[PDB]
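Taking the form deposited in one PDB entry, here's one chain by itself in structure tokens.
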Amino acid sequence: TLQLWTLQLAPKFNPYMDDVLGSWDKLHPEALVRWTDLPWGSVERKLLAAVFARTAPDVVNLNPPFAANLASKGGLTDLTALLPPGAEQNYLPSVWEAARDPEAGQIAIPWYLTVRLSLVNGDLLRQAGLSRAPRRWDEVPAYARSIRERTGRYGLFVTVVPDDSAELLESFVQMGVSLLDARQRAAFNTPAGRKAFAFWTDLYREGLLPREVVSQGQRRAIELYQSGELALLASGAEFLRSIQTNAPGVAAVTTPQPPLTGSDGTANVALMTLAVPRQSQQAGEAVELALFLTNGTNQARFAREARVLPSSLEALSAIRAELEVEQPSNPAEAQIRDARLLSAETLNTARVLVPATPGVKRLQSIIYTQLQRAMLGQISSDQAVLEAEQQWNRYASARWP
């Protein structure tokens, strides 16, 4: 009677669903969960089948910028009225607020989150003559020079594909660029924004970035790092554990380090939420399922198995204490432990730089497109800024007259 969709969920996290949905099913025999999985490659296939059956999920996972986009078309329920009293106080406030669309309300409930680190290939680093690894975007151009010229490998990968990861968009925010103002108008036509556009335009033209950044998404950065062809990757403990079995030695060479952060030192948080579509006649039961999946006990389980961080304050403090007591023996276990502590301790100064803001996902595709043209030599960086501003304000003028 309850439809649960997990969108683009790694198949490694599958045995957990059977363990939690097992708990829910014995706890609620009269409201069993029909789990539908939509991993990469079968998303279009599955969604379209659901369109042709006029069926929708009661609970589904989304990232904040994506939820706000779907909330703009009236597809998500505002949960503030369906929540029991005291629920919001179980979650990290900064994270709970990030799942709040300023124009639609609480459209989702926080689930797990990940503070991605800088996984540094210490081998390529020494091949280039370096001892430290960069920690502020200012230090990146020179680092990218050393790696590329003195070792023939690329120093970093950040996609510029309009519809993929926002890591690049996040870097703008870290470098002090404000994307939208109060009236939902463009706010990046500023000295800080022109520096950001040029920063990436220059890195690509200079040849210090892989040519594929404009044609392939962040999944190629993971392929390149596994191949020993990338010096730095933005990820964390769970991926690091996959390397220890797939392509080890690249793991024996990797060391987790604090993430590339702006001059204000705030790293990024990647938030996964749960939302309840408005076309649901069990919205109250759906919210009960979402609050169950995201309670302290289940979050603490998941944070361990998936090596992520929970949004529950209770589970968070439990994970921390479970790490401060951890005393590993293998140097691999200490590598994984070192990464989870880094993300945990970095969480204090970390924020969701791209929250559930309406139009921001659309703005991302506008910025990446004109940025592509800039780094491909068609236009300038200062010209890409203006063209992106004009093109966005043209849209905002009709969406928010």
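Residue numbers run from 1 along the displayed sequence. Whichever C-alpha set is largest while still superposing within 1.5 Å between the two forms counts as the rigid core.
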Original post:
Of 82 to 90 and 133 to 141, which one has the bigger average CA B-factor?
Top reply: 133 to 141
Original post:
Out of 235 to 243 and 323 to 331, which stretch has the higher average CA B-factor listed in the record?
Top reply: 323 to 331
**OP:** Please work out which residue in 77, 121, 190, 295 has the highest C-alpha B-factor recorded for this crystal structure.
**Re:** 190
**OP:** Using the entry's values, work out which of 169, 175, 214, 109 has the largest Cα B factor.
**Re:** 175
Original post:
Based on the entry's values, in what third of the chain does the Cα temperature factor of residue 267 lie: lowest, middle or highest?
Top reply: lowest
**OP:** Would you check the entry's CA temperature factor for residue 58 and let me know if it's in the chain's lowest, middle or highest third?
**Re:** lowest
Original post:
Taking the entry's C-alpha B-factors for this chain, is residue 27 in the lowest, middle or highest third?
Top reply: lowest
Original post:
According to the PDB entry, is the CA B factor of residue 288 in the bottom, middle or top third of its chain, that is, lowest, middle or highest?
Top reply: lowest
Subject >> Within-chain third of residue 41 by Cα B-factor, per the entry >> reply: highest
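What comes next is about the form deposited in another entry, which is not displayed.
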Subject >> Position with Cα shift of 2 Å or more, rigid core superposed between this form and the one not shown, options 263, 131, 227, 89 >> reply: 89
Original post:
Does superposing the core leave residue 278 with a CA shift of 2 Å or more between this form and the one not shown?
Top reply: yes
Subject >> Core-superposed comparison between this form and the one not shown, residue 250 Cα displacement 2 Å or beyond >> reply: no
Subject >> Rigid core superposed: residue 73 CA moves 2 Å or more between this form and the one not shown >> reply: yes
**OP:** Might you say whether the CA atoms of residue 47 and residue 395 end up closer or farther apart in the other entry than in this form? Their distance differs by 3 Å or more.
**Re:** closer
